[PDB]
Amino acid sequence: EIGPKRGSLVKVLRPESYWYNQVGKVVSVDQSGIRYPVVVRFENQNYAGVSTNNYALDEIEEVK
Amino acid sequence: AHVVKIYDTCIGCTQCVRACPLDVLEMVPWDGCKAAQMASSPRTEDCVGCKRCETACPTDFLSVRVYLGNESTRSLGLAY
Amino acid sequence: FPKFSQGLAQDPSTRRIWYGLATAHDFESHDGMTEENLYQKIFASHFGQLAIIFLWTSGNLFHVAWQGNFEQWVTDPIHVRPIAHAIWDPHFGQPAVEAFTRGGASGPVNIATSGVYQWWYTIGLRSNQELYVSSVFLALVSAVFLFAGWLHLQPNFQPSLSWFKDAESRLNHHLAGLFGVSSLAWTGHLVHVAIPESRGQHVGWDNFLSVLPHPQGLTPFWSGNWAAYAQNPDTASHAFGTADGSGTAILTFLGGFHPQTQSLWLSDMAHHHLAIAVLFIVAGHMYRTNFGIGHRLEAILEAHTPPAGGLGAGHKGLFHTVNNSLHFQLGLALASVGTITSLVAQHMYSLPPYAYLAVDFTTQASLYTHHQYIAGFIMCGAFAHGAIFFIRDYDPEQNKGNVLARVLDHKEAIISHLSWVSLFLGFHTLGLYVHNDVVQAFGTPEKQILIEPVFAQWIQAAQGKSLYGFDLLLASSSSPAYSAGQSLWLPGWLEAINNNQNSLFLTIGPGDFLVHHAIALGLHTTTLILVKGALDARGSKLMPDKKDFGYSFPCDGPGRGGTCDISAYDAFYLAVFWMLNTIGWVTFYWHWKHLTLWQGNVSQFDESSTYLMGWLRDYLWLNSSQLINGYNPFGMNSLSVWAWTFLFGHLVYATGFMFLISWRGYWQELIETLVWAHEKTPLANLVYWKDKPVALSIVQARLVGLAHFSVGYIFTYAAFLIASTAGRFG
Amino acid sequence: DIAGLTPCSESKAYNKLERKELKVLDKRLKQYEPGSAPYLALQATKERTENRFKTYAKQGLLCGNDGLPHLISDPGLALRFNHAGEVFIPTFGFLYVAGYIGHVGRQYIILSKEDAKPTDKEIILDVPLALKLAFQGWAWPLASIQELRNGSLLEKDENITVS
Amino acid sequence: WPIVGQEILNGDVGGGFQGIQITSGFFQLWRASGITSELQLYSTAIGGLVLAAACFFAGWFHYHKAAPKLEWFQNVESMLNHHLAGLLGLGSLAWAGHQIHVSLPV
Amino acid sequence: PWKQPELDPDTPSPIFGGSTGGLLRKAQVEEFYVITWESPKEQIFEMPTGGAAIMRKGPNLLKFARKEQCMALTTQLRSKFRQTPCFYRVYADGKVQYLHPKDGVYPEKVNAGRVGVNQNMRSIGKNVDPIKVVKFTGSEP
Ligand code: CLA
Ligand code: CLA
Ligand code: CLA
Ligand code: CLA
Ligand code: CLA
Ligand code: CLA
Ligand SMILES: CC1=C(/C=C/C(C)=C/C=C/C(C)=C/C=C/C=C(C)/C=C/C=C(C)/C=C/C2=C(C)CCCC2(C)C)C(C)(C)CCC1
Ligand SMILES: CC1=C(\C=C/C(C)=C/C=C/C(C)=C/C=C/C=C(C)/C=C/C=C(C)/C=C/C2=C(C)CCCC2(C)C)C(C)(C)CCC1
Ligand SMILES: CC1=C(C/C=C(\C)CCC[C@H](C)CCC[C@H](C)CCCC(C)C)C(=O)c2ccccc2C1=O
């Protein structure tokens, strides 16, 4: 396994993101060398209406 | 004469390409994503600045940005 | 045509013409720019604004001396009206020239409102010859500055960049010479010339060397008996022109006003600008410049860092930030100048510095509104030019941990705690006015919530006002603060403040209470709009990178729910509406409170200013009677020019609503239709534009509509202010 | 007295304003008959007006030269000169009510967010829960200082920032 | 009603009565038809509530229970025939009956 | 495509009476656009400028003054009638340029021949501040 576990909650660390210092469920993780593999899903929508986004390994950290 | 730059976070949705009326954007292969696709902006001389491309990108923050700049006849949408 | 920008010149539309003017004096964004060429082009341009100032002053002197009645005004200053400039309008009729020739002059004229007559008369000007000689002097000084802006741009005489970034030498020369020596010389003028001209003696270039200011001369100055110059002050029964009731003093500390001319004593103002010269020369010798002694600016900022870490690194890294950022230096200057401009307004009406200004009711008003409206415009620029610093000239890595980054870190707290104060004052102030509007309306004027401003009345009692009866230290004879300054300033000061026929510390009631709080609503919420546009200039959650786009851009599109009016330019744009509203309340409150004083019926303001129908009935509707009848169907008075202007502002104000409400997309489709007609018409099609016609841009319309808005906001009130006060003459 | 204000009992303009406001009704009362309902309505308004003026005088209010009562805000002068009920005491009567509304809404928000679908609980309220909290908030200042001294009032840098 | 202030609005209208002055022209309408007493106005009000509930009842009936088809709506030529003759024609004829038989003599 | 199709400037046009949204003096002087497609039957379609027109069985040709007017029609034909249009750009000098299916495949489908342009290898944000580029143009490039 390369990254966090399925169904595990993680905290985001992108300064650009609407979900920054916020928590979301890990939907999936790809192990094929992609730059932004970690797929995360949040309950709260962003300004557009999207509730998912692919984040990186360094950009996510353990909850709270 | 507008500027269109696409960033590393593209995932090959093609929704930016479908939305642009003026055919500024096209898809090119790439090894960074699952879909193995990436956008491109070869012909920005025909860009107009509608920002429908930015509206369709589903990322957390946009993989496509239209940085407005100097104007022209094609950019101002002048039939005359 | 723009040579400084090739990107706009290639534009075929009319957007080239408009944007070429607005980006003209924005040297940073120009093509082929350099930091060294930037400072030089500024240094040359700043010579230009001086050239227009000294010429603008020369025009007033000439147009007054040639066409005015300065010689006739000095003899009877109270009754005679001043004259600004004559009139030549061939579209007049015979009734108008007969009405506009109210002055003693032959032809029609315009009555002045600035107050230059009271100013020139005070400093010792008593003839039209002396104004002709002066108008030539400034026109020469004006030409000299134009020659310098060209000279100091040449290949030689071209200052280097290190010369501009020498702060320690600029402070010492400007604090000591520009401020101090200039203030020292002005005292030299008041002593050698003006005070004699008050006491009858004619002093001029012919006889200033032979005439002594004091009988003893300078021998007291060297001996140390400096109190000899304050021995025989001018008596109360003293005419300002003649030697009846005169004295020999040149420096005195009498305090208070002169009885006949309700104005400050000249001997005091002479003594004033002397002490200011001493402190400012002393402060000029502070910083270090080419000698061993002196302070350094960078060493000070690095030192004032608190040990515990309440401010982190503290003021470190700020010297290179200020010295290299021109927008930072401009924000502090405007914020300082814009505040001073309000002091000039607040401290002149209460302390008249000129002769026969308290009697000229129309002149006091315009001088107050003129400076305060300028104080708002200037102060809105400090934040705006302060916001541009965060985009262009801010480096986070250099300014890390310092006060400037620690402010920007927690900006969500500042903008939030501000919003509480605006909401708090807004609900509770309006709720009381509306509570009083209603309860007046049901016939019960006793149920109003009238709260007395006790804290302000506590001050006036602590500053000599014995009406309220608090019996504070300086209203009490036993206290030391009364004992100290008893021989110096208090007999003249206590007489004036306790007199209820001057504007010095007017009586306060519950009507004055609500307005000072309503004024607080303006400043705290106007600051909110401008502070937000500054701190959120670099980025927002809706637009994480505003810094890449610029200070002024229309929007980021309809996506993300809509992004209209996000840029920092659009924050400044919205604040000007609040700047004008705030200054309007401040200025409405000055005019009405003074009209009731001048009309003698102070009870009008105290009882009617507690509910808002009083403002609409007793101030606006009532005082707009003589004005509105400027041109009646029966005839026309001299106030016709003001009623015409009064509508002219009610119209310009409305035309801006077009550019504000109706936006571009409706119009560009319309211009496309006129273009079709111009080509399909048989003969007009032979003519063809050189530049393609297009509608005005988005940002341009916000600017244009704000100009049509603000100009009507000003031209409307200026007519009402002058016409209401001039027609009643009180 | 204080601030050069006379009490409302001793003022002349205060009684002048009473004689005026009653004269309007007496003139209006002349039109109608004695036993009619318009007569009874105006007589009641006359009775209320006479009661409004005497009660404000009895309460040690301060009337100015205009003849209208003025309020004092500093608790020092209010307590010294017996004018506390005007401003100083109602300040605490409000804040008790205002904090009641915050302590209640804050608790409904926290508790609904501990369950599934909190969005539905806002548009479709749990009225049994809302009434329970609304009758449990009589002692909200105790819970606040309990929650402050404990540290479970404020969140700690788990909030979104923008840069 | 007599609570805080708010009774001064009941102005001295005249007629042993005080209240708000209306500007809707109902009094002149009720006089153009024969209406001399208040009892006629009460009955007219009770009729409206009765007819209004029927109109509300019909909206439920003609949607929730027995709703027409698209064919019934597209019969456009029958609407004009019924809505001209029946509604505007007989409705004006009926009012003349009220005018002729009641309003004129009163 | 296999090869760029050259322009046939003499093909039948649809049956359209005319309108006022046509071409202006800009077309003869600067440039104009023309679109081609091939229909299997006679149908009716909405024009971008004006009203309705009747296509013709076989090749069809229009002339427009804007690229958006042409691509607006492609989106209608590709969706409603499921056709494959192709449009050019004609200058005043007579030069002709083949624009939209420049590779033969529409842009929303990948192809191996294409090469990326204006591709930054970084995340949005994560770029230098304007102060670093204060005296020349560009923070994004
Ligand atoms: C008795 C011990 C004592 C005390 C009380 C102080 C007190 C102070 N020192 Mg100090 N100092 C001490 C001993 C002490 N010092 C010693 C022994 C040394 C070694 C020599 C120093 C060396 C030292 C240095 C070198 C410096 C200080 C400074 C300061 C000042 C600011 C420090 C700070 O954290 O800002 C307080 C922290 C804040 C974060 C500010 C909060 C701002 C509020 C929240 C804003 C509210 C605004 C809002 C609009 C309010 C409403 C207003 C409305 C009514 C109009 C403060 C007055 C600094 C100074 O001179 O600056 C003045 C400084 O640079 N100290
Ligand atoms: C008379 C016109 C008017 C009024 C009343 C306001 C009021 C306000 N503006 Mg505003 N504004 C106006 C014109 C006006 N503006 C114009 C022309 C412009 C230029 C575009 C702006 C630009 C502007 C900006 C840029 C900003 C504001 C802000 C504010 C708020 C300041 C905080 C405050 O004091 O709120 C309290 C004051 C009030 C008067 C509250 C209004 C509500 C009262 C109590 C009535 C309550 C309703 C009542 C119960 C009946 C409702 C029934 C009905 C629903 C059926 C406030 C809501 C600032 C803001 O929102 O920051 C917080 C802000 O940033 N305005
Ligand atoms: C109590 C009887 C009853 C019941 C249980 C229902 C139940 C239903 N109806 Mg039905 N209906 C009824 C009576 C009833 N209807 C009547 C009497 C009529 C004739 C008007 C209709 C006409 C009707 C239509 C035409 C439709 C329904 C629909 C529906 C369904 C959706 C209900 C909904 O959205 O709630 C809405 C809940 C409300 C409380 C609505 C209140 C609206 C009132 C009238 C407005 C009041 C005006 C206000 C006082 C003015 C002041 C405002 C100011 C700003 C001016 C549901 C099966 C819809 C359907 O089939 O579902 C798709 C549909 O399209 N009904
Ligand atoms: C010491 C004073 C001072 C100085 C040296 C500068 C210098 C500068 N400012 Mg600044 N500014 C100031 C005060 C100052 N400002 C004040 C007080 C304000 C607040 C109002 C502003 C608000 C401000 C903004 C909002 C912006 C600048 C900008 C600029 C830059 C130049 C833009 C340019 O060329 O515009 C040239 C513009 C024009 C020639 C158009 C002005 C036309 C005016 C509005 C019309 C006036 C009405 C009309 C004539 C009335 C006639 C009456 C009629 C009845 C006859 C430059 C760095 C711009 C900048 O840096 O961009 C990044 C910018 O966006 N300034
Ligand atoms: C003694 C030497 C000396 C003097 C007199 C000056 C004087 C000046 N320098 Mg300067 N300078 C000096 C040495 C000196 N410099 C040195 C050594 C350097 C190199 C380090 C510079 C570098 C330098 C630069 C780079 C610039 C200047 C500029 C200026 C001008 C400022 C603009 C202005 O008019 O403000 C006038 C200000 C006053 C007269 C006094 C202060 C005003 C405040 C508000 C007080 C108000 C008092 C009172 C209430 C007013 C009442 C008015 C009455 C009529 C009612 C001014 C003429 C600027 C310039 O070139 O402008 C063209 C500029 O950009 N200086
Ligand atoms: C009970 C819920 C609640 C609570 C505890 C708070 C708490 C706060 N708000 Mg907030 N607010 C709320 C709801 C709430 N808000 C709602 C619904 C709105 C939209 C109208 C706002 C809009 C708002 C603004 C615009 C601002 C605040 C601000 C603030 C802070 C200062 C207090 C203030 O200015 O009050 C202001 C209060 C109002 C303007 C109106 C509040 C609406 C009612 C009175 C309360 C809501 C009750 C709720 C519906 C009941 C649910 C009960 C449940 C059992 C069913 C404080 C942290 C200020 C801030 O930025 O912090 C410094 C500020 O400027 N509030
Ligand atoms: C945003 C920004 C900016 C801006 C700023 C501003 C604009 C500011 C404002 C502010 C202000 C504009 C301030 C003001 C101040 C003032 C004050 C603070 C004063 C006070 C005073 C006092 C202290 C006094 C005292 C006294 C005496 C002395 C005597 C008598 C009594 C008394 C007590 C009164 C800048 C550029 C920096 C940049 C960055 C960003
Ligand atoms: C006011 C009101 C009301 C009431 C009333 C009503 C409205 C009534 C009704 C009405 C009626 C009461 C009606 C009736 C009518 C009738 C008719 C319309 C009849 C006529 C007839 C005809 C049509 C003709 C006949 C004939 C002849 C002549 C010849 C031969 C035979 C025949 C048959 C053909 C209500 C409550 C409801 C509502 C509200 C208001
Ligand atoms: C009317 C209108 C137009 C069209 C207005 C036009 C084209 C008028 C400008 C051209 C006329 C000919 C200039 C009129 C001359 C001025 C009275 C004086 C100008 C002085 C300057 C030269 C200094 C817009 O383009 C627009 C754009 C965005 C929002 C609102 C609007 C809007 O309201």
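Everything below is about the structure shown above.
All residue numbers are counted from 1 along each chain's written sequence and may depart from the entry's numbering; residues that have no coordinates are not represented. Chain labels run from A onward and ligand labels from 1 onward, assigned in the order the entries are written. Scope of values: limited to the chains shown, which are part of a larger assembly. The side-chain values count all of the structure's non-hydrogen atoms but skip hydrogen atoms and water molecules.

## Focus on the site of ligand 3
Residues and elements named next belong to chain E.
Phase 1: Proximity criterion: a residue is near a molecule or strand once any of its heavy atoms comes within 4 Å of it. Contacts to ligand 3 come from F56, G59, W60, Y63 and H64.
Phase 2: The term polar contact refers here to a pair of N or O atoms within 3.5 Å; inside protein, the definition further demands a hydrogen-donor-capable atom paired with an acceptor-capable atom, and it admits residues adjacent in sequence only when both atoms are side-chain atoms. Taking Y63, its side chain carries an N or O atom lying 3.0 Å from an oxygen atom of ligand 3.
Phase 3: At a separation of 2.9 Å, a nitrogen atom of ligand 3 approaches a polar side-chain atom of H64.
Phase 4: Note on residue categories: nonpolar means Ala, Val, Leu, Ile, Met, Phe, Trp, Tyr, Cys or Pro, charged means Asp, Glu, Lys or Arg, and polar means any other residue, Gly included. For the shell around ligand 3, a count of residues per class yields three nonpolar, two polar and no charged.

## Some points on the coordination of the magnesium atom of ligand 3
Phase 1: A donor here means any N, O or S atom no more than 2.8 Å from the metal (3.2 Å for Na, K and Ca); water is not included, so a site may seem to lack partners. Looking at the protein side alone, the magnesium atom of ligand 3 has one donor only, E:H64 (NE2), at 2.1 Å.
Phase 2: Secondary structure is summarised from DSSP: a helix means a run of H or I of at least four residues, a strand means a run of E of at least two, and numbering begins at the N terminus for each. One can find E:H64 in helix α2 (residues 39–65).

## Comments concerning the environment of C:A475
Residues and elements named next belong to chain C.
Phase 1: With respect to the secondary-structure elements, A475 resides in the loop between α18 (454–462) and α19 (480–483).
Phase 2: For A475, a relative accessible area of 26% puts it in the partly exposed group.
Phase 3: Placed 19 residues apart in sequence, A475 and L494 show a C-alpha to C-alpha distance of 9.0 Å. Whether a residue is buried, partly exposed or exposed follows from its accessible area with a 1.4 Å probe, protein chains only, as a fraction of its type maximum: under 20%, in between, or over 50%, in that order.

## Here we look at the arrangement of the chains
Phase 1: Take the ten pairs of chains in contact: the one carrying the most contacts is chains B and F.
Phase 2: Only heavy atoms enter the contact rule, under which two residues are in contact if any of them lie within 4.5 Å. You won't find any contact between chain B and chain D; their C-alpha atoms come no closer than 13 Å.
Phase 3: With no contact between them, chain E and chain F keep their nearest C-alpha atoms 27 Å apart.

## Description of the sheet that holds strand β6 (residues 96–98) of chain F
Residues and elements named next belong to chain F.
Phase 1: What makes two strands pair is DSSP finding at least two bridges between them. In space, the four strands of this open sheet follow the order β4-β1-β5-β6, with antiparallel pairing throughout. Since the sheet does not close on itself, it has two edges, and those belong to β4 (58–64) and β6, each with one partner. Ignoring strand direction, the axes of neighbouring strands in this sheet form an average angle of 25 degrees.
Phase 2: Pairing of strand β5 (residues 86–91) with β6 involves three bridges; the strand directions are antiparallel. What sits directly across from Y88, in β6, is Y98. Fitted lines through C-alpha atoms serve as axes, helices being fitted only where they are in contact, and the angles separating the N-to-C directions of these axes extend from 0 to 180 degrees.

## Some thoughts on the coordination of the magnesium atom of ligand 5
Phase 1: Just one protein atom coordinates the magnesium atom of ligand 5, and that atom is C:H174 (NE2), at 2.0 Å.
Phase 2: Structurally, C:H174 is set in helix α9 (residues 167–198).

## Here's the deal with the interface of chain F and chain B
Phase 1: Residue-level contacts link 30 residues of chain F with 40 residues of chain B.
Phase 2: Summed over both partners, buried area is the accessible surface (1.4 Å probe) that two parts give up on being assembled. Interface area lost by chain F to chain B is led by F:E108, F:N118 and F:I124, which between them contribute 21%.
Phase 3: The salt bridge criterion pairs a side-chain nitrogen of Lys or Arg with a carboxyl oxygen of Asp or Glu, the two atoms within 4 Å. For the pair chain F and chain B, the number of links is four salt bridges.
Phase 4: When the shortest N-O distance is used, the salt bridge between B:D46 and F:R89 registers 3.5 Å.
Phase 5: If you look at where chain F meets chain B, you find 13 residue pairs in polar contact.
Phase 6: For the side of chain F that touches chain B, the element with the most residues is helix α2 (residues 67–81) of chain F, which contributes three residues.
Phase 7: Considered class by class, the residues forming the side of chain F that touches chain B number ten nonpolar, eight polar and twelve charged.

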